[PDB]
Amino acid sequence: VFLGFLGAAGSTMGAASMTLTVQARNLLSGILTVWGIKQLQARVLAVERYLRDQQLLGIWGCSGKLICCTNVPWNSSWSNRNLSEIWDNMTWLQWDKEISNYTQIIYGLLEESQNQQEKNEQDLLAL
Amino acid sequence: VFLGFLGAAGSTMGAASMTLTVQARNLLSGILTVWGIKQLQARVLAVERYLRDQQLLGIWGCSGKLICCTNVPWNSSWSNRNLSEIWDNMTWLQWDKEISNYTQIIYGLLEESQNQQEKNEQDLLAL
Amino acid sequence: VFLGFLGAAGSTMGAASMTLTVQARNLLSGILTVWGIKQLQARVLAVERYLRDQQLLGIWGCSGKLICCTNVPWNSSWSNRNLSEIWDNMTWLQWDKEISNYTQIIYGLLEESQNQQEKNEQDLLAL
Amino acid sequence: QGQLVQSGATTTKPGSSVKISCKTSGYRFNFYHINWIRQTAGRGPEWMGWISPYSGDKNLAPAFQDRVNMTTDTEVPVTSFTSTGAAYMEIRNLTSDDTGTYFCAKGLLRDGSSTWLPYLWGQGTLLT
Amino acid sequence: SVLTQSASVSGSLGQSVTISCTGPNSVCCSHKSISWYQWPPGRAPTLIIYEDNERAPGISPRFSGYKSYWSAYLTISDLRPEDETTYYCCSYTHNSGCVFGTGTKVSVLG
Ligand SMILES: *[C@@H]1O[C@H](CO)[C@@H](O[C@@H]2O[C@H](CO)[C@@H](O[C@@H]3O[C@H](CO[C@H]4O[C@H](CO)[C@@H](O)[C@H](O[C@H]5O[C@H](CO)[C@@H](O)[C@H](O)[C@@H]5O)[C@@H]4O)[C@@H](O)[C@H](O[C@H]4O[C@H](CO)[C@@H](O)[C@H](O)[C@@H]4O)[C@@H]3O)[C@H](O)[C@H]2NC(C)=O)[C@H](O)[C@H]1NC(C)=O
Ligand SMILES: *[C@@H]1O[C@H](CO)[C@@H](O)[C@H](O)[C@H]1NC(C)=O
Ligand SMILES: *[C@@H]1O[C@H](CO)[C@@H](O)[C@H](O)[C@H]1NC(C)=O
Ligand SMILES: *[C@@H]1O[C@H](CO)[C@@H](O)[C@H](O)[C@H]1NC(C)=O
Ligand SMILES: *[C@@H]1O[C@H](CO)[C@@H](O)[C@H](O)[C@H]1NC(C)=O
Ligand SMILES: *[C@@H]1O[C@H](CO)[C@@H](O)[C@H](O)[C@H]1NC(C)=O
Ligand SMILES: *[C@@H]1O[C@H](CO)[C@@H](O)[C@H](O)[C@H]1NC(C)=O
């Protein structure tokens with residue numbers, strides 16, 4: 001099936017996670033007059049917001065990945081939910097709300113876990 | 001030899017394929033007055049067209065690659081030409097014309113072949 | 001310790017090299033009125049300078065890397081300094097001055113060393 | 001994570017039919033099946049059937065297929081992820097063998113192998 | 001019915017019990033899932049363990065499950081005083097229903 005842009009918004013986190021490229025395509029293209037400056041401001045805004053998400057993927061060792069596995073172990077303080085009660089029960093919309101507070105913390109952990117990982121790889125290849 | 005920007009435009013697809021970084025460098029740098037707004041419109045246009053090619057490479061698992069090998073098998077309906085009659089006979093200009101129609105189809109195949117590849121890698125590392 | 005943006009500017013090249021993500025974060029976000037056009041010109045300038053550094057990392061096989069190891073052997077004409085007298089003696093500021101002349105040469109060597117590396121990998125997978 | 005209140009103890013006599021309600025809250029009604037289960041005197045517990053408020057689909061045991069009227073309304077949305085629903089249940093050829101406590105149960109998950117499993121229950125209704 | 005449990009078993013505080021749940025090849029076990037329910041007398045039940053060994057949310061790690069080719073087992077490690085009730089098992093697949101069991105009363109008198 002082909003649900004469309006945000007088609008799986010109401011589907012479960014597991015279902016939507018197979019339709020990632022759907023939302024990844026339309027993030028950069030889409031699904032001195034008044035309109036002239038109004039459009040230019042939007043064309044620059046789209047690029048800035050895109051490169052910010054790409055910037056975070058880059059410093060997490062996830063550049064080029066849609067599904068990216070990391071080294072940060074899941075702190076149960078963030079959410080003490082079982083695996084089967086998340087990917088087959090919740091929607092990404094609900095999940096983003098429940099992890100609203102802890103999102104900024106995870107973003108830092110994913111960063112130093114990458115600068116230490118490549119610092120280690122620089123030593124693994126020092127022989 | 002150093003042919004220059006588009007130097008191998010008339011050379012064979014194999015010859016030009018060794019001079020990829022030549023064309024890759026000058027894709028982003030180059031080889032309220034009237035000119036002021038005329039130049040700003042061009043500086044934004046160059047970035048948008050660049051990130052679109054990078055966006056496609058990213059969702060094909062080719063981000064960072066110049067020569068990228070995939071999993072989509074070559075449908076002979078697209079072109080029933082032999083390997084030696086392409087890379088040592090044709091020029092990329094001719095090739096882009098002969099594959100004009102089927103180009104949009106290949107671009108979709110290269111996308112899901114990557115979202116299924118990483119979905120599989122997420123399972124290979126689930127143990 | 002957390003020194004901050006450019007905190008290790010006066011520290012040794014080895015110390016600063018562990019604080020790369022610090023400077024990598026604030027390279028894209030930060031640490032028709034007069035101000036309106038003055039700000040738009042800056043928002044475009046920040047993206048162009050960012051993608052230029054990313055463009056060089058891409059054609060060096062370093063896209064996504066903070067510490068990237070290459071194949072170009074260090075020519076002692078560039079700097080005939082010992083390893084321990086660089087990473088534990090000099091600051092990146094001093095180093096950029098001493099390698100000012102030879103920087104453009106290294107940037108070319110890192111490019112063809114990548115187009116030949118992937119051309120070789122295209123043959124390693126031709127069987 | 002919500003309540004599934006039911007009707008009162010309506011005691012009739014054999015031959016008649018009884019309609020038991022099940023009004024939901026605190027959760028998206030259309031996202032989970034509504035199971036119907038009874039524990040009568042003479043046997044233990046017996047699973048009657050569930051119905052899918054979203055798809056409208058119904059699956060019930062052969063021991064109650066020709067007796068049970070299983071219908072659902074349509075949820076009245078409260079918030080983005082909350083609604084209020086209602087599930088109905090009737091029985092045709094009623095006897096004294098069918099005397100017991102009846103419950104409704106919300107399904108367990110939205111996917112997987114335990115989608116319809118009676119997880120969140122009501123309070124019970126005493127029949128004849 | 002056809003899913004015969006363990007009749008009745010007794011126990012003691014601090015100890016662990018084990019309820020059986022077996023039946024013919026038509027309702028057990030390798031080709032079906034096994035769920036366990038704590039059922040007070042004619043009141044509100046409680047899902048304890050679904051899909052053979054997976055525990056429901058909020059269930060204490062005391063309860064554990066296990067299914068063999070012939071029988072499914074429900075253990076209750078470290079008996080606490082609030083455990084006296086009847087325990088029922090159910091055999092099900094993804095697109096089926098619950099084939100409940102005959103029941104097993106558990107006593108903790110100690
Ligand atoms: C929107 O939200 C609703 C509600 O949350 C979602 O509906 C739920 O979808 C999931 C997955 O799509 C369903 O879970 C599956 O359930 C089937 C059981 O169905 C089988 O049995 C039914 C009764 O006998 C029968 O009706 C089914 O037949 C088909 O035809 C009906 C016609 O009415 C059709 O409506 C059905 O959808 C069926 O297609 C069918 O025979 C179960 O088999 C599934 O398990 C299999 O697959 C999982 C993997 O997904 C696997 O792990 C299992 O081991 C097994 O292999 C699966 O559990 C759920 O029942 C739906 N209803 C609810 C939860 O109330 C809907 O999907 C959402 N859509 C979007 C776009 O977000
Ligand atoms: C979880 O987070 C808290 C602070 O948010 C921290 O103190 C604790 O060590 C973390 N636990 C794990 C296991 O990471
Ligand atoms: C985040 O913090 C706010 C503080 O007002 C709190 O109300 C909220 O519950 C927190 N989020 C979670 C998921 O607990
Ligand atoms: C080639 O493409 C056609 C449609 O364009 C498709 O039907 C056919 O299956 C394809 N063949 C192969 C081998 O991929
Ligand atoms: C593409 O389609 C057009 C339709 O007008 C056709 O003329 C053309 O030959 C097609 N391209 C190829 C390579 O066959
Ligand atoms: C060092 O550079 C010079 C020119 O700058 C070159 O001629 C020489 O071959 C180089 N030596 C090595 C070892 O690369
Ligand atoms: C670079 O070239 C200039 C030429 O004026 C020279 O003075 C300078 O010393 C050179 N740099 C180094 C590091 O030698």
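For the structure, check the block above.
The description of two packed helices rests on the angle between their axes and on the distance between the axes. Between helix α3 (residues 34-58) of chain A and helix α3 (residues 34-58) of chain C, the shortest axis-to-axis distance is 11 Å and the interhelical angle comes to 40°. By the angle between their axes, α3 of chain A is oblique relative to α3 of chain C. In this structure, α3 of chain A crosses over α3 of chain C, and the sense of that crossing is left-handed. On the side of α3 of chain A, the interface is formed by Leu40, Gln41, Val44, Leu45, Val47, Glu48, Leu51 and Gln55 of chain A, while α3 of chain C contributes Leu40, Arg43, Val44, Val47, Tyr50, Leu51 and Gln54 of chain C. Class assignment for the residues of the contact of α3 of chain A with α3 of chain C results in 10 nonpolar, three polar and two charged.

In this approach, a probe sized like a water molecule rolls over the atoms, and the result shows the empty space that is left. In this structure, the second largest pocket spans a volume of roughly 810 Å³. Forming the walls of the second largest pocket are 30 residues, and the residues nearest its centre are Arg81, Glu85, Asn89 and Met90 of chain A together with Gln1 of chain D. Going through the elements one at a time, α5 (92-98) of chain A together with β5 (54-55) of chain E are the ones with two or more residues in the lining of the second largest pocket. In terms of residue class, the lining of the second largest pocket is made up of 12 nonpolar, nine polar and nine charged.

This brings us to the site of ligand 1. Around ligand 1, the structure places 19 residues, and the nearest of them are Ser55, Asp57, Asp111, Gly112 and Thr115 of chain D. Near ligand 1, residues from chains A, D and E are present, making the site a shared one. A distance of 2.7 Å is found between an oxygen atom of ligand 1 and a side-chain nitrogen or oxygen belonging to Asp111 of chain D. For ligand 1, whose unbound accessible area comes to 1,200 Å², protein coverage reaches 55%. Among the residues forming the shell around ligand 1, the class breakdown is four nonpolar, 12 polar and three charged.

Take the six pairs of chains in contact: the one carrying the most contacts is chains D and E. Spatially, chain C is disjoint from chain D: no contact exists, and the shortest C-alpha separation is 33 Å. Nothing in chain B touches chain E; the tightest C-alpha to C-alpha distance between them is still 18 Å.

To continue, consider the environment of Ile31 of chain C. Residue and element names in this part refer to chain C. Tracing the chain through its elements places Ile31 in the loop between α2 (20-25) and α3. Look at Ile31 and you get exposed, because its relative accessible area is 80%. When the C-alpha atoms of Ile31 and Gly4 are compared, they prove to be 9.2 Å apart, with 27 residues separating the residues in sequence. Residue contacts for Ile31: discarding those within four places in its chain leaves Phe5 and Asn26.

The rules behind the values
- Residues numbered from 1 in each chain as written, not as in the entry; some residues may be left out.
- Chains lettered and ligands numbered in written order.
- Part of a larger assembly, values for the part shown.
- Heavy atoms only, no water.
- Axes fitted to C-alpha atoms, helices over the stretch in contact; angles between N-to-C directions.
- Helix = DSSP H or I, 4+ residues; strand = E, 2+ residues; numbered from the N terminus.
- Parallel < 35°, antiparallel > 145°, perpendicular 65-115°, else oblique.
- Left-handed = near helix turned anticlockwise from the far one by under 90°.
- Contact = heavy atoms within 4.5 Å.
- Nonpolar A, V, L, I, M, F, W, Y, C, P; charged D, E, K, R; others polar.
- 1 Å grid on protein atoms, 1.4 Å probe; cavity = no way out; pocket = protein on both sides within 12 Å on 5 of 7 lines; lining within 4 Å.
- Points joined across faces, edges and corners; volume = space filled by probe spheres on them.
- Near = heavy atom within 4 Å.
- Polar contact = N/O pair within 3.5 Å; in protein donor to acceptor, adjacent residues only side chain to side chain.
- Areas by Shrake-Rupley, 256 points an atom, 1.4 Å probe, with all protein chains shown as cover.
- Buried < 20%, exposed > 50% of the residue type's maximum accessible area, 1.4 Å probe, protein only.

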